[PDB]
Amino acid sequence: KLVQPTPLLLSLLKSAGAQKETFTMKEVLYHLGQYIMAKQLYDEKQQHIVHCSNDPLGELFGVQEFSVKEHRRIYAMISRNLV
C-alpha cells in the first residue's frame, strides 16, 4: 500500500529528487535520507543524530533532533505527514 505525502512532506522529497506523488514507505525513507544528506543535517561523527533545529524537516517532524536509529520514532514522525 503506497503512501501519499502531504504537500509539505512532498516539496521536501521533490527537492530531494523524488519525481512523483505516491511512494512506498521505503521510497519516502530513501529520499528523506537523501534530503538529510543534502542539508548536511547528519553528524555521523557525533552519535548518529540528525540535527534539524533550523531546517524545514525539524519543523515538519516537530523535533529538534533525532537518532537515525530510533526507527520507530522516525516512522511515526513520517506517518503524520502522509495523507
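In this text, rigid core is short for the largest set of C-alphas that superpose within 1.5 Å between two forms. All residue numbers are counted from 1 along the displayed sequence.
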Higher-deviation stretch (C-alpha RMS, rigid core fit) in 6 other deposited structures of this protein, choosing from 20 to 28 and 62 to 70: 62 to 70
Higher-deviation segment by CA RMS in 6 other deposited structures of this protein, core fitted, 43 to 51 or 30 to 38: 43 to 51
Comparing 37 to 45 with 23 to 31, the one whose average Cα B-factor in the PDB entry is higher: 37 to 45
Where the record places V50 (Cα B-factor, split into thirds across the chain): highest
CA B-factor placement of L2, once the chain's modelled residues are sorted into thirds: highest
